[PDB]
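Text of start-v6.txt (compact mmCIF, N, CA and C atoms) as supplied:
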# COMPACT_ATOMS: atom_id res chain seq x y z
N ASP A 399 195.45 214.75 -109.11
CA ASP A 399 196.48 214.82 -110.13
C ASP A 399 196.58 213.51 -110.90
N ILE A 400 197.42 212.59 -110.41
CA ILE A 400 197.64 211.32 -111.08
C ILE A 400 197.49 210.12 -110.17
N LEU A 401 197.78 210.27 -108.87
CA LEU A 401 197.93 209.12 -107.99
C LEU A 401 196.61 208.44 -107.66
N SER A 402 195.48 209.11 -107.86
CA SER A 402 194.18 208.51 -107.60
C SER A 402 193.53 207.97 -108.87
N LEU A 403 194.27 207.90 -109.97
CA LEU A 403 193.76 207.32 -111.21
C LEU A 403 194.69 206.17 -111.59
N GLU A 404 194.42 204.99 -111.03
CA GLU A 404 195.14 203.76 -111.35
C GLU A 404 194.11 202.67 -111.55
N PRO A 405 193.54 202.56 -112.75
CA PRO A 405 192.59 201.48 -113.02
C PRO A 405 193.25 200.15 -113.29
N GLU A 406 194.55 200.13 -113.57
CA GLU A 406 195.20 198.86 -113.86
C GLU A 406 195.46 198.04 -112.61
N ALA A 407 195.33 198.62 -111.41
CA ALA A 407 195.36 197.82 -110.20
C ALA A 407 194.14 196.92 -110.12
N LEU A 408 193.02 197.34 -110.71
CA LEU A 408 191.91 196.43 -110.93
C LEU A 408 192.25 195.39 -111.98
N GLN A 409 193.20 195.68 -112.86
CA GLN A 409 193.54 194.69 -113.87
C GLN A 409 194.54 193.65 -113.37
N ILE A 410 195.00 193.78 -112.13
CA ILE A 410 195.75 192.71 -111.48
C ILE A 410 194.84 191.90 -110.55
N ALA A 411 193.90 192.58 -109.89
CA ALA A 411 193.05 191.96 -108.88
C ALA A 411 192.10 190.92 -109.44
N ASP A 412 191.85 190.93 -110.74
CA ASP A 412 191.03 189.89 -111.34
C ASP A 412 191.85 188.85 -112.07
N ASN A 413 193.17 189.03 -112.16
CA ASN A 413 194.06 187.98 -112.65
C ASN A 413 194.80 187.30 -111.51
N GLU A 414 195.54 188.07 -110.72
CA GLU A 414 196.03 187.57 -109.45
C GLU A 414 195.04 187.94 -108.35
N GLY A 415 195.31 187.46 -107.14
CA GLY A 415 194.35 187.60 -106.06
C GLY A 415 194.26 189.02 -105.53
N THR A 416 193.21 189.27 -104.75
CA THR A 416 193.01 190.59 -104.17
C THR A 416 194.03 190.91 -103.09
N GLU A 417 194.69 189.91 -102.52
CA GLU A 417 195.86 190.17 -101.69
C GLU A 417 197.01 190.67 -102.54
N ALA A 418 197.16 190.13 -103.75
CA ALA A 418 198.26 190.53 -104.61
C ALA A 418 198.08 191.93 -105.14
N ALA A 419 196.83 192.40 -105.23
CA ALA A 419 196.59 193.76 -105.70
C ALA A 419 197.02 194.78 -104.67
N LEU A 420 196.82 194.48 -103.39
CA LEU A 420 197.28 195.39 -102.34
C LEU A 420 198.79 195.41 -102.25
N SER A 421 199.45 194.30 -102.60
CA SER A 421 200.90 194.29 -102.63
C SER A 421 201.43 195.12 -103.79
N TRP A 422 200.70 195.18 -104.89
CA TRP A 422 201.14 195.99 -106.02
C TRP A 422 200.98 197.47 -105.75
N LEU A 423 200.03 197.84 -104.90
CA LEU A 423 199.72 199.25 -104.70
C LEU A 423 200.76 199.98 -103.86
N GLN A 424 201.51 199.26 -103.02
CA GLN A 424 202.49 199.93 -102.18
C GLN A 424 203.81 200.15 -102.90
N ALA A 425 204.17 199.27 -103.83
CA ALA A 425 205.46 199.36 -104.50
C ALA A 425 205.39 200.18 -105.78
N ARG A 426 204.82 201.38 -105.71
CA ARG A 426 204.92 202.34 -106.79
C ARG A 426 205.73 203.53 -106.32
N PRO A 427 206.73 203.97 -107.07
CA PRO A 427 207.78 204.83 -106.50
C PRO A 427 207.38 206.28 -106.29
N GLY A 428 206.19 206.70 -106.72
CA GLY A 428 205.89 208.12 -106.71
C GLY A 428 205.45 208.68 -105.38
N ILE A 429 205.15 207.84 -104.40
CA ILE A 429 204.49 208.32 -103.19
C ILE A 429 205.50 208.97 -102.24
N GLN A 430 205.66 210.28 -102.36
CA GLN A 430 206.59 210.99 -101.49
C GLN A 430 205.84 211.91 -100.54
N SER A 431 205.07 212.84 -101.09
CA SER A 431 204.40 213.84 -100.29
C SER A 431 203.15 213.25 -99.65
N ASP A 432 202.67 213.93 -98.62
CA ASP A 432 201.57 213.46 -97.80
C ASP A 432 200.22 213.50 -98.49
N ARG A 433 200.08 214.28 -99.56
CA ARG A 433 198.84 214.27 -100.32
C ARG A 433 198.66 212.94 -101.04
N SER A 434 199.65 212.56 -101.84
CA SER A 434 199.59 211.28 -102.53
C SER A 434 199.76 210.11 -101.58
N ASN A 435 200.36 210.35 -100.41
CA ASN A 435 200.46 209.31 -99.40
C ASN A 435 199.09 208.96 -98.82
N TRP A 436 198.20 209.94 -98.75
CA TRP A 436 196.90 209.69 -98.13
C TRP A 436 195.90 209.13 -99.13
N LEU A 437 195.96 209.59 -100.38
CA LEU A 437 195.02 209.11 -101.40
C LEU A 437 195.25 207.65 -101.77
N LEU A 438 196.44 207.11 -101.49
CA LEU A 438 196.77 205.76 -101.93
C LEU A 438 195.95 204.72 -101.19
N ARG A 439 195.65 204.97 -99.91
CA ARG A 439 194.86 204.02 -99.15
C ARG A 439 193.41 204.02 -99.60
N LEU A 440 192.91 205.16 -100.07
CA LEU A 440 191.57 205.19 -100.65
C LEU A 440 191.54 204.40 -101.95
N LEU A 441 192.63 204.46 -102.72
CA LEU A 441 192.76 203.60 -103.88
C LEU A 441 192.86 202.14 -103.46
N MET A 442 193.48 201.88 -102.32
CA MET A 442 193.51 200.54 -101.77
C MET A 442 192.12 200.15 -101.30
N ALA A 443 191.35 201.14 -100.85
CA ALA A 443 190.00 200.86 -100.41
C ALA A 443 189.08 200.57 -101.59
N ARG A 444 189.32 201.22 -102.73
CA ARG A 444 188.48 200.98 -103.90
C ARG A 444 188.69 199.58 -104.46
N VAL A 445 189.94 199.12 -104.49
CA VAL A 445 190.21 197.77 -104.96
C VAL A 445 189.68 196.75 -103.97
N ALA A 446 189.69 197.09 -102.68
CA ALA A 446 189.20 196.16 -101.68
C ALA A 446 187.69 196.05 -101.71
N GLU A 447 186.99 197.16 -101.95
CA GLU A 447 185.53 197.09 -101.93
C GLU A 447 184.97 196.47 -103.20
N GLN A 448 185.66 196.64 -104.33
CA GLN A 448 185.10 196.25 -105.62
C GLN A 448 185.04 194.74 -105.76
N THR A 449 186.18 194.07 -105.72
CA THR A 449 186.18 192.63 -105.63
C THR A 449 185.75 192.23 -104.22
N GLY A 450 185.18 191.04 -104.10
CA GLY A 450 184.40 190.71 -102.93
C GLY A 450 185.15 190.47 -101.64
N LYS A 451 185.72 191.52 -101.05
CA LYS A 451 186.32 191.39 -99.73
C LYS A 451 185.49 192.07 -98.65
N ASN A 452 185.16 193.35 -98.84
CA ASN A 452 184.12 194.13 -98.14
C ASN A 452 184.19 194.09 -96.61
N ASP A 453 185.32 193.71 -96.03
CA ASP A 453 185.46 193.79 -94.59
C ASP A 453 186.80 194.44 -94.30
N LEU A 454 187.75 194.22 -95.20
CA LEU A 454 188.99 194.96 -95.15
C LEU A 454 188.81 196.40 -95.58
N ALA A 455 187.68 196.74 -96.21
CA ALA A 455 187.46 198.11 -96.63
C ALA A 455 187.21 199.03 -95.44
N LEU A 456 186.65 198.50 -94.36
CA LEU A 456 186.43 199.33 -93.18
C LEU A 456 187.75 199.68 -92.52
N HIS A 457 188.59 198.67 -92.28
CA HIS A 457 189.85 198.90 -91.59
C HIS A 457 190.86 199.61 -92.48
N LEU A 458 190.70 199.55 -93.80
CA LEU A 458 191.53 200.38 -94.66
C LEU A 458 191.10 201.83 -94.59
N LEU A 459 189.82 202.08 -94.33
CA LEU A 459 189.33 203.45 -94.25
C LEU A 459 189.36 204.00 -92.84
N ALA A 460 189.27 203.14 -91.83
CA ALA A 460 189.39 203.62 -90.46
C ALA A 460 190.84 203.96 -90.14
N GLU A 461 191.80 203.15 -90.62
CA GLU A 461 193.21 203.53 -90.56
C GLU A 461 193.50 204.75 -91.42
N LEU A 462 192.61 205.07 -92.37
CA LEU A 462 192.69 206.30 -93.15
C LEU A 462 192.06 207.48 -92.42
N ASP A 463 190.97 207.25 -91.68
CA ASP A 463 190.18 208.37 -91.21
C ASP A 463 190.76 209.03 -89.97
N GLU A 464 191.54 208.30 -89.16
CA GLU A 464 192.14 208.91 -87.98
C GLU A 464 193.17 209.96 -88.37
N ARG A 465 194.04 209.64 -89.31
CA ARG A 465 194.96 210.66 -89.80
C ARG A 465 194.32 211.57 -90.84
N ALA A 466 193.07 211.31 -91.23
CA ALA A 466 192.36 212.28 -92.06
C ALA A 466 191.94 213.50 -91.26
N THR A 467 191.77 213.38 -89.95
CA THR A 467 191.47 214.54 -89.10
C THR A 467 192.75 215.19 -88.60
N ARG A 468 193.65 215.44 -89.54
CA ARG A 468 194.95 216.04 -89.32
C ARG A 468 195.38 216.58 -90.69
N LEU A 469 196.68 216.85 -90.86
CA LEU A 469 197.28 217.33 -92.12
C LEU A 469 196.65 218.64 -92.56
N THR A 470 196.51 219.58 -91.63
CA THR A 470 195.56 220.65 -91.85
C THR A 470 196.12 221.79 -92.70
N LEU A 471 197.08 222.53 -92.16
CA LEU A 471 197.35 223.85 -92.71
C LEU A 471 198.47 223.87 -93.73
N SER A 472 199.67 223.42 -93.36
CA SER A 472 200.80 223.45 -94.27
C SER A 472 201.25 222.06 -94.67
N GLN A 473 200.42 221.04 -94.46
CA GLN A 473 200.77 219.69 -94.89
C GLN A 473 200.19 219.41 -96.27
N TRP A 474 198.87 219.45 -96.39
CA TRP A 474 198.24 219.56 -97.70
C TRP A 474 198.61 220.87 -98.35
N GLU A 475 198.86 220.82 -99.65
CA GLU A 475 199.23 221.93 -100.52
C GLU A 475 200.39 222.75 -99.96
N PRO A 476 201.61 222.21 -99.92
CA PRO A 476 202.72 223.00 -99.40
C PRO A 476 203.20 224.07 -100.36
N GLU A 477 202.82 224.00 -101.63
CA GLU A 477 203.20 225.05 -102.57
C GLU A 477 202.44 226.34 -102.30
N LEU A 478 201.23 226.25 -101.74
CA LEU A 478 200.44 227.44 -101.48
C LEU A 478 200.92 228.16 -100.23
N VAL A 479 201.05 227.44 -99.11
CA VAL A 479 201.42 228.04 -97.83
C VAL A 479 202.85 228.55 -97.87
N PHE A 480 203.70 227.97 -98.72
CA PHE A 480 205.02 228.54 -98.90
C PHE A 480 204.97 229.88 -99.63
N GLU A 481 203.94 230.11 -100.45
CA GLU A 481 203.83 231.41 -101.10
C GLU A 481 203.38 232.48 -100.11
N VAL A 482 202.65 232.09 -99.06
CA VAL A 482 202.20 233.05 -98.07
C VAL A 482 203.36 233.52 -97.21
N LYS A 483 204.09 232.57 -96.60
CA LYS A 483 205.11 232.93 -95.63
C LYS A 483 206.34 233.56 -96.26
N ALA A 484 206.58 233.32 -97.55
CA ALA A 484 207.71 233.97 -98.19
C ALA A 484 207.44 235.44 -98.43
N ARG A 485 206.17 235.83 -98.51
CA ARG A 485 205.86 237.24 -98.69
C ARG A 485 205.96 238.01 -97.38
N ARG A 486 205.56 237.39 -96.26
CA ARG A 486 205.62 238.07 -94.98
C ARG A 486 207.06 238.30 -94.53
N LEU A 487 208.00 237.48 -95.00
CA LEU A 487 209.40 237.76 -94.71
C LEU A 487 209.95 238.83 -95.64
N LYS A 488 209.53 238.82 -96.91
CA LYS A 488 210.04 239.81 -97.84
C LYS A 488 209.47 241.20 -97.58
N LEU A 489 208.38 241.29 -96.83
CA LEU A 489 207.84 242.61 -96.50
C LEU A 489 208.47 243.18 -95.24
N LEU A 490 208.98 242.32 -94.35
CA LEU A 490 209.58 242.82 -93.11
C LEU A 490 210.92 243.48 -93.34
N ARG A 491 211.53 243.29 -94.50
CA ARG A 491 212.76 244.00 -94.82
C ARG A 491 212.51 245.36 -95.44
N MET A 492 211.29 245.89 -95.37
CA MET A 492 211.02 247.22 -95.88
C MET A 492 210.50 248.14 -94.77
N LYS A 493 209.77 247.56 -93.81
CA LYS A 493 209.11 248.35 -92.77
C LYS A 493 210.09 248.99 -91.81
N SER A 494 211.25 248.37 -91.60
CA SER A 494 212.25 248.92 -90.70
C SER A 494 213.03 250.04 -91.39
N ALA A 495 214.14 250.44 -90.76
CA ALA A 495 215.01 251.54 -91.17
C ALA A 495 214.28 252.88 -91.25
N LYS A 496 213.17 253.02 -90.53
CA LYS A 496 212.52 254.30 -90.30
C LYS A 496 212.28 254.56 -88.82
N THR A 497 211.99 253.51 -88.05
CA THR A 497 211.91 253.55 -86.59
C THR A 497 212.93 252.54 -86.07
N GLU A 498 214.13 253.01 -85.78
CA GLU A 498 215.23 252.15 -85.32
C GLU A 498 215.28 252.07 -83.80
N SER A 499 214.15 251.75 -83.17
CA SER A 499 214.12 251.53 -81.73
C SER A 499 213.31 250.31 -81.33
N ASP A 500 212.51 249.75 -82.23
CA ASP A 500 211.78 248.52 -81.96
C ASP A 500 212.30 247.32 -82.74
N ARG A 501 213.49 247.42 -83.35
CA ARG A 501 214.06 246.32 -84.13
C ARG A 501 214.71 245.25 -83.26
N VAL A 502 214.59 245.35 -81.94
CA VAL A 502 215.13 244.33 -81.04
C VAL A 502 214.18 243.17 -80.82
N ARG A 503 212.98 243.21 -81.41
CA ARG A 503 212.00 242.16 -81.23
C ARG A 503 211.43 241.68 -82.56
N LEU A 504 212.01 242.11 -83.68
CA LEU A 504 211.61 241.64 -84.99
C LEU A 504 212.11 240.23 -85.27
N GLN A 505 213.09 239.77 -84.52
CA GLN A 505 213.78 238.51 -84.78
C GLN A 505 212.91 237.27 -84.55
N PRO A 506 212.03 237.19 -83.54
CA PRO A 506 211.06 236.08 -83.57
C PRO A 506 210.05 236.20 -84.69
N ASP A 507 209.74 237.41 -85.14
CA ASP A 507 208.86 237.53 -86.30
C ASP A 507 209.58 237.18 -87.60
N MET A 508 210.90 237.09 -87.58
CA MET A 508 211.62 236.60 -88.74
C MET A 508 212.01 235.14 -88.55
N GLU A 509 212.72 234.84 -87.47
CA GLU A 509 213.31 233.51 -87.30
C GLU A 509 212.30 232.44 -86.90
N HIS A 510 211.03 232.78 -86.73
CA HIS A 510 210.02 231.73 -86.74
C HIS A 510 209.44 231.53 -88.12
N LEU A 511 209.36 232.59 -88.92
CA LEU A 511 208.99 232.42 -90.32
C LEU A 511 210.11 231.75 -91.09
N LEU A 512 211.36 232.11 -90.79
CA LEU A 512 212.49 231.48 -91.47
C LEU A 512 212.65 230.02 -91.07
N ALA A 513 212.16 229.63 -89.91
CA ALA A 513 212.05 228.22 -89.59
C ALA A 513 210.74 227.62 -90.06
N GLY A 514 209.76 228.45 -90.42
CA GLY A 514 208.55 227.92 -90.99
C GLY A 514 208.71 227.48 -92.43
N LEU A 515 209.79 227.89 -93.09
CA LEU A 515 210.03 227.51 -94.47
C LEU A 515 210.82 226.21 -94.59
N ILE A 516 211.76 225.97 -93.67
CA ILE A 516 212.59 224.78 -93.77
C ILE A 516 211.79 223.53 -93.45
N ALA A 517 210.66 223.67 -92.78
CA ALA A 517 209.76 222.55 -92.62
C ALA A 517 208.93 222.28 -93.87
N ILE A 518 208.98 223.14 -94.88
CA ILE A 518 208.15 222.97 -96.07
C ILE A 518 209.00 222.52 -97.24
N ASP A 519 209.99 223.33 -97.62
CA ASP A 519 210.86 223.02 -98.75
C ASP A 519 212.23 223.63 -98.48
N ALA A 520 213.21 222.79 -98.15
CA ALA A 520 214.51 223.29 -97.76
C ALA A 520 215.32 223.80 -98.94
N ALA A 521 214.94 223.44 -100.16
CA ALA A 521 215.73 223.84 -101.32
C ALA A 521 215.46 225.29 -101.71
N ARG A 522 214.20 225.70 -101.71
CA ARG A 522 213.87 227.06 -102.12
C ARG A 522 214.22 228.10 -101.08
N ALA A 523 214.31 227.72 -99.81
CA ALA A 523 214.57 228.69 -98.76
C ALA A 523 216.02 229.14 -98.70
N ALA A 524 216.93 228.41 -99.35
CA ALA A 524 218.35 228.71 -99.23
C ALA A 524 218.76 229.96 -99.97
N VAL A 525 217.93 230.49 -100.86
CA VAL A 525 218.18 231.78 -101.46
C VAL A 525 217.42 232.88 -100.73
N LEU A 526 216.94 232.61 -99.52
CA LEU A 526 216.35 233.63 -98.67
C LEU A 526 217.19 233.95 -97.44
N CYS A 527 218.19 233.12 -97.12
CA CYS A 527 219.08 233.39 -95.99
C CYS A 527 220.15 234.41 -96.32
N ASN A 528 220.12 234.99 -97.52
CA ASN A 528 220.98 236.12 -97.83
C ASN A 528 220.60 237.33 -96.99
N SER A 529 221.59 238.17 -96.72
CA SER A 529 221.39 239.37 -95.91
C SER A 529 220.66 240.44 -96.71
What would the structure in this file look like if it were written as structure tokens?
Amino acid sequence: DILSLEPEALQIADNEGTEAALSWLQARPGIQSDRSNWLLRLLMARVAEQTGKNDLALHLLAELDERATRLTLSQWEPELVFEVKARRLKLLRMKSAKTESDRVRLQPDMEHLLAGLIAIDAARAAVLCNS
């Protein structure tokens, strides 16, 4: 999107020091979600490798790579996985009211999905707790 396109951090690293460029990279206010949180260290790695440091680039990427083998299913792209689970809840309110004898066990199939949404976006889920 936008967070991995910052060429002006190279425009500080050749005026102020390469330590000062890494200090500039953390104090940008946009880094909220885990996608832009992870790409920022690669941007820190690009500034570190370009100007002649080339040893901090390993530890910037190794501290990147351990948590790179995570963030799998609903961490990256939370807008997509929220579209999946909101449909499985909206379909469960149609299948019942024809066999009224197995509705005593639908509640974990709802209240785990209904707790699967509050871990993603608590604002959009509040118009789904209606009866």
Pick out each residue of chain A that DSSP on the backbone tags as helix (DSSP H, G or I); I need them as a compact mmCIF listing (two decimals) with N, CA and C atoms, in the coordinates of the input.
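To be explicit, this is the file written out as part_13.txt:
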# COMPACT_ATOMS: atom_id res chain seq x y z
N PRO A 405 193.54 202.56 -112.75
CA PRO A 405 192.59 201.48 -113.02
C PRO A 405 193.25 200.15 -113.29
N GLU A 406 194.55 200.13 -113.57
CA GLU A 406 195.20 198.86 -113.86
C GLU A 406 195.46 198.04 -112.61
N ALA A 407 195.33 198.62 -111.41
CA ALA A 407 195.36 197.82 -110.20
C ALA A 407 194.14 196.92 -110.12
N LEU A 408 193.02 197.34 -110.71
CA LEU A 408 191.91 196.43 -110.93
C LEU A 408 192.25 195.39 -111.98
N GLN A 409 193.20 195.68 -112.86
CA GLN A 409 193.54 194.69 -113.87
C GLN A 409 194.54 193.65 -113.37
N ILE A 410 195.00 193.78 -112.13
CA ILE A 410 195.75 192.71 -111.48
C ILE A 410 194.84 191.90 -110.55
N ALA A 411 193.90 192.58 -109.89
CA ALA A 411 193.05 191.96 -108.88
C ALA A 411 192.10 190.92 -109.44
N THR A 416 193.21 189.27 -104.75
CA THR A 416 193.01 190.59 -104.17
C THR A 416 194.03 190.91 -103.09
N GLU A 417 194.69 189.91 -102.52
CA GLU A 417 195.86 190.17 -101.69
C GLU A 417 197.01 190.67 -102.54
N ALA A 418 197.16 190.13 -103.75
CA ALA A 418 198.26 190.53 -104.61
C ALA A 418 198.08 191.93 -105.14
N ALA A 419 196.83 192.40 -105.23
CA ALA A 419 196.59 193.76 -105.70
C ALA A 419 197.02 194.78 -104.67
N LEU A 420 196.82 194.48 -103.39
CA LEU A 420 197.28 195.39 -102.34
C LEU A 420 198.79 195.41 -102.25
N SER A 421 199.45 194.30 -102.60
CA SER A 421 200.90 194.29 -102.63
C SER A 421 201.43 195.12 -103.79
N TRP A 422 200.70 195.18 -104.89
CA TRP A 422 201.14 195.99 -106.02
C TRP A 422 200.98 197.47 -105.75
N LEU A 423 200.03 197.84 -104.90
CA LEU A 423 199.72 199.25 -104.70
C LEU A 423 200.76 199.98 -103.86
N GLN A 424 201.51 199.26 -103.02
CA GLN A 424 202.49 199.93 -102.18
C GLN A 424 203.81 200.15 -102.90
N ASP A 432 202.67 213.93 -98.62
CA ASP A 432 201.57 213.46 -97.80
C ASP A 432 200.22 213.50 -98.49
N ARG A 433 200.08 214.28 -99.56
CA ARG A 433 198.84 214.27 -100.32
C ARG A 433 198.66 212.94 -101.04
N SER A 434 199.65 212.56 -101.84
CA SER A 434 199.59 211.28 -102.53
C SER A 434 199.76 210.11 -101.58
N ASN A 435 200.36 210.35 -100.41
CA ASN A 435 200.46 209.31 -99.40
C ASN A 435 199.09 208.96 -98.82
N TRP A 436 198.20 209.94 -98.75
CA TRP A 436 196.90 209.69 -98.13
C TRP A 436 195.90 209.13 -99.13
N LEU A 437 195.96 209.59 -100.38
CA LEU A 437 195.02 209.11 -101.40
C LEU A 437 195.25 207.65 -101.77
N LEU A 438 196.44 207.11 -101.49
CA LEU A 438 196.77 205.76 -101.93
C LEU A 438 195.95 204.72 -101.19
N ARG A 439 195.65 204.97 -99.91
CA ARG A 439 194.86 204.02 -99.15
C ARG A 439 193.41 204.02 -99.60
N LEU A 440 192.91 205.16 -100.07
CA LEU A 440 191.57 205.19 -100.65
C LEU A 440 191.54 204.40 -101.95
N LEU A 441 192.63 204.46 -102.72
CA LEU A 441 192.76 203.60 -103.88
C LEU A 441 192.86 202.14 -103.46
N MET A 442 193.48 201.88 -102.32
CA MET A 442 193.51 200.54 -101.77
C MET A 442 192.12 200.15 -101.30
N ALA A 443 191.35 201.14 -100.85
CA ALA A 443 190.00 200.86 -100.41
C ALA A 443 189.08 200.57 -101.59
N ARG A 444 189.32 201.22 -102.73
CA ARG A 444 188.48 200.98 -103.90
C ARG A 444 188.69 199.58 -104.46
N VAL A 445 189.94 199.12 -104.49
CA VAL A 445 190.21 197.77 -104.96
C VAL A 445 189.68 196.75 -103.97
N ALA A 446 189.69 197.09 -102.68
CA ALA A 446 189.20 196.16 -101.68
C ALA A 446 187.69 196.05 -101.71
N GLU A 447 186.99 197.16 -101.95
CA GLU A 447 185.53 197.09 -101.93
C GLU A 447 184.97 196.47 -103.20
N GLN A 448 185.66 196.64 -104.33
CA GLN A 448 185.10 196.25 -105.62
C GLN A 448 185.04 194.74 -105.76
N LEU A 454 187.75 194.22 -95.20
CA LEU A 454 188.99 194.96 -95.15
C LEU A 454 188.81 196.40 -95.58
N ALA A 455 187.68 196.74 -96.21
CA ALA A 455 187.46 198.11 -96.63
C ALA A 455 187.21 199.03 -95.44
N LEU A 456 186.65 198.50 -94.36
CA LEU A 456 186.43 199.33 -93.18
C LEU A 456 187.75 199.68 -92.52
N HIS A 457 188.59 198.67 -92.28
CA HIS A 457 189.85 198.90 -91.59
C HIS A 457 190.86 199.61 -92.48
N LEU A 458 190.70 199.55 -93.80
CA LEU A 458 191.53 200.38 -94.66
C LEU A 458 191.10 201.83 -94.59
N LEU A 459 189.82 202.08 -94.33
CA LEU A 459 189.33 203.45 -94.25
C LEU A 459 189.36 204.00 -92.84
N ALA A 460 189.27 203.14 -91.83
CA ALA A 460 189.39 203.62 -90.46
C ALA A 460 190.84 203.96 -90.14
N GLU A 461 191.80 203.15 -90.62
CA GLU A 461 193.21 203.53 -90.56
C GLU A 461 193.50 204.75 -91.42
N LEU A 462 192.61 205.07 -92.37
CA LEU A 462 192.69 206.30 -93.15
C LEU A 462 192.06 207.48 -92.42
N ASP A 463 190.97 207.25 -91.68
CA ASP A 463 190.18 208.37 -91.21
C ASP A 463 190.76 209.03 -89.97
N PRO A 476 201.61 222.21 -99.92
CA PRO A 476 202.72 223.00 -99.40
C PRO A 476 203.20 224.07 -100.36
N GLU A 477 202.82 224.00 -101.63
CA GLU A 477 203.20 225.05 -102.57
C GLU A 477 202.44 226.34 -102.30
N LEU A 478 201.23 226.25 -101.74
CA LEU A 478 200.44 227.44 -101.48
C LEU A 478 200.92 228.16 -100.23
N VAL A 479 201.05 227.44 -99.11
CA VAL A 479 201.42 228.04 -97.83
C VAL A 479 202.85 228.55 -97.87
N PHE A 480 203.70 227.97 -98.72
CA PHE A 480 205.02 228.54 -98.90
C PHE A 480 204.97 229.88 -99.63
N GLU A 481 203.94 230.11 -100.45
CA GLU A 481 203.83 231.41 -101.10
C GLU A 481 203.38 232.48 -100.11
N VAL A 482 202.65 232.09 -99.06
CA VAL A 482 202.20 233.05 -98.07
C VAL A 482 203.36 233.52 -97.21
N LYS A 483 204.09 232.57 -96.60
CA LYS A 483 205.11 232.93 -95.63
C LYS A 483 206.34 233.56 -96.26
N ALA A 484 206.58 233.32 -97.55
CA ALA A 484 207.71 233.97 -98.19
C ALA A 484 207.44 235.44 -98.43
N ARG A 485 206.17 235.83 -98.51
CA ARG A 485 205.86 237.24 -98.69
C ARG A 485 205.96 238.01 -97.38
N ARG A 486 205.56 237.39 -96.26
CA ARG A 486 205.62 238.07 -94.98
C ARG A 486 207.06 238.30 -94.53
N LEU A 487 208.00 237.48 -95.00
CA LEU A 487 209.40 237.76 -94.71
C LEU A 487 209.95 238.83 -95.64
N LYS A 488 209.53 238.82 -96.91
CA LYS A 488 210.04 239.81 -97.84
C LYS A 488 209.47 241.20 -97.58
N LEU A 489 208.38 241.29 -96.83
CA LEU A 489 207.84 242.61 -96.50
C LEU A 489 208.47 243.18 -95.24
N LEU A 490 208.98 242.32 -94.35
CA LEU A 490 209.58 242.82 -93.11
C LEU A 490 210.92 243.48 -93.34
N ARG A 491 211.53 243.29 -94.50
CA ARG A 491 212.76 244.00 -94.82
C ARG A 491 212.51 245.36 -95.44
N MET A 492 211.29 245.89 -95.37
CA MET A 492 211.02 247.22 -95.88
C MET A 492 210.50 248.14 -94.77
N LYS A 493 209.77 247.56 -93.81
CA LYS A 493 209.11 248.35 -92.77
C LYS A 493 210.09 248.99 -91.81
N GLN A 505 213.09 239.77 -84.52
CA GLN A 505 213.78 238.51 -84.78
C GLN A 505 212.91 237.27 -84.55
N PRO A 506 212.03 237.19 -83.54
CA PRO A 506 211.06 236.08 -83.57
C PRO A 506 210.05 236.20 -84.69
N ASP A 507 209.74 237.41 -85.14
CA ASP A 507 208.86 237.53 -86.30
C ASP A 507 209.58 237.18 -87.60
N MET A 508 210.90 237.09 -87.58
CA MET A 508 211.62 236.60 -88.74
C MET A 508 212.01 235.14 -88.55
N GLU A 509 212.72 234.84 -87.47
CA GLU A 509 213.31 233.51 -87.30
C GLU A 509 212.30 232.44 -86.90
N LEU A 511 209.36 232.59 -88.92
CA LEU A 511 208.99 232.42 -90.32
C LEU A 511 210.11 231.75 -91.09
N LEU A 512 211.36 232.11 -90.79
CA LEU A 512 212.49 231.48 -91.47
C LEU A 512 212.65 230.02 -91.07
N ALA A 513 212.16 229.63 -89.91
CA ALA A 513 212.05 228.22 -89.59
C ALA A 513 210.74 227.62 -90.06
N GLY A 514 209.76 228.45 -90.42
CA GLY A 514 208.55 227.92 -90.99
C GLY A 514 208.71 227.48 -92.43
N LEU A 515 209.79 227.89 -93.09
CA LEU A 515 210.03 227.51 -94.47
C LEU A 515 210.82 226.21 -94.59
N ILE A 516 211.76 225.97 -93.67
CA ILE A 516 212.59 224.78 -93.77
C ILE A 516 211.79 223.53 -93.45
N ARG A 522 214.20 225.70 -101.71
CA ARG A 522 213.87 227.06 -102.12
C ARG A 522 214.22 228.10 -101.08
N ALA A 523 214.31 227.72 -99.81
CA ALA A 523 214.57 228.69 -98.76
C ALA A 523 216.02 229.14 -98.70
N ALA A 524 216.93 228.41 -99.35
CA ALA A 524 218.35 228.71 -99.23
C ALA A 524 218.76 229.96 -99.97
N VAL A 525 217.93 230.49 -100.86
CA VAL A 525 218.18 231.78 -101.46
C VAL A 525 217.42 232.88 -100.73
- Message: List the spatial neighbours of residue 522 (chain A) as a list in words - criterion: any atom at most 12 Å away, only C-alpha atoms, same-chain residues fewer than 5 positions off excluded.
- Response: residues 477, 480, 481, 484, 512, 515, 516, 517 and 527 of chain A
- Can you work out which one of A:437, A:419, A:504, A:408 has the shortest atom-to-atom distance to residue 466 (chain A), counting only C-alpha atoms? A:437
Centre and edge lengths of an axis-aligned box around all listed atoms of region 464-469 of chain A, with 5 Å added on each side, are to be given in Å to one decimal, as JSON.
{"center_x": 194.4, "center_y": 213.5, "center_z": -90.3, "size_x": 15.8, "size_y": 20.3, "size_z": 14.6}
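For the pair CA of residue 452 (chain A) and CA of residue 426 (chain A), the separation is 24.0 Å.
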- Message: I'd like the neighbourhood of residue 433 (chain A) as JSON, numbers by chain, where a residue qualifies if any of its atoms comes within 9 Å (using only C-alpha atoms), though same-chain residues fewer than 5 positions away should be ignored.
- Response: {"A": [438, 469, 473, 474, 475]}
- Task: Write out as a PyMOL selection string the residues lying within 9 Å of residue 423 (chain A), counting only C-alpha atoms and excluding same-chain residues fewer than 5 positions away.
- Result: chain A and resi 407+418+438-439+441-442
- To one decimal place, how far is atom N of residue 453 (chain A) from CA of residue 468 (chain A) in Å?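 Computed distance, atom N of residue 453 (chain A) to CA of residue 468 (chain A), equals 25.2 Å.
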- Task: Quick one: pull the distance between atom C of residue 445 (chain A) and atom N of residue 470 (chain A), Å, one decimal.
- Result: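 The value is 26.8 Å.
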- Item | Residues near residue 511 (chain A), cut-off 9 Å, only C-alpha atoms, skip fewer than 6 positions along chain, as a ChimeraX atom specification | /A:483-484,486-487
